[PDB]
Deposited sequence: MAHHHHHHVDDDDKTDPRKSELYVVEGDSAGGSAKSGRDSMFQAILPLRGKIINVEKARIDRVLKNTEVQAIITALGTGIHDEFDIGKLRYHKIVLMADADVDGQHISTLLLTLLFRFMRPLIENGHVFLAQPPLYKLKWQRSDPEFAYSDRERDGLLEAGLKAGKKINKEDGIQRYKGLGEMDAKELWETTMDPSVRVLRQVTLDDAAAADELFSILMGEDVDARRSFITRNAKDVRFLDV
């Protein structure tokens, strides 16, 4: 439960699923700060914002953003990384911010546990290794290509994106957050 042993997952957006807290974010910067879901995330982090930001009050060692690979999922991650870059910058600078890579494929092996691939390369690798081991797979429907997080059952979502020994996390750098901030400014101007 301790901040050092605590993580906060922010699950985005309209196609959604060590202490692991979880908060949603569904989907004008002043209007976004008034949004209830945004307010809950900011409050849970416990640092305060802008000039009131206090790193010592950080409630979570890791902040993990989880969204779909599509434009809808990108839009929400862009929004949250911009809010963090503009009002809670040391969270990014000190390496607390991460992006969860959801699995792209589920390999439905006939008489064994299903395997999950995070890229086309891993899918091909796992398929070859499985067939070589003697595992069986249906050529027509044995490989499920995920379209969103909502397609996964809650148990497999945890196994693939939240289990620390299995999950694929990418650290958000200051340059990554600056690129999200630029993207936000471009889209607002459009």
Exercise for review: Compare the deposited sequence with the modelled residues and state the ranges that are missing C-alpha positions.
Suggested key: 1-14, 32-40, 51-58, 222-242
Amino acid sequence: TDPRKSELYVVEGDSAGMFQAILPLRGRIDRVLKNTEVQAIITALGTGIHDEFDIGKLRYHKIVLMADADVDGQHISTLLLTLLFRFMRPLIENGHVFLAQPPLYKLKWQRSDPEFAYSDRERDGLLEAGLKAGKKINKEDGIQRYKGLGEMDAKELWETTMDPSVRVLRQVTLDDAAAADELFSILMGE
From here on, numbers count along this sequence of modelled residues.
Check your understanding: According to the deposited model, is the average Cα temperature factor higher in 163-171 or in 18-26?
Key -> 163-171
Practice item. Would you determine, from the values in the PDB entry, which of 175-183 and 8-16 has the greater average C-alpha temperature factor? Key: 8-16
Point to revise | Residue with maximal Cα B-factor (values as given in the PDB entry) among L99, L81, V71, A117 | key: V71
Check your understanding: Which has the highest CA B-factor per the PDB entry: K57, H61, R145, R31?
Key -> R31
Revision key, fill the gap. Tertile call for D124 (CA temperature factor, within chain, third-based) is the middle
Check your understanding: If you rank every modelled residue in this chain by C-alpha B factor, which third holds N138: lowest, middle or highest?
Key -> middle
Review point. Which third, lowest, middle or highest, does the CA B-factor of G48 fall in along this chain?
Key: middle
Point to revise | CA B-factor placement of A67, once the chain's modelled residues are sorted into thirds | key: middle
Point to revise | B-factor third for the C-alpha atom of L157 within its chain | key: middle
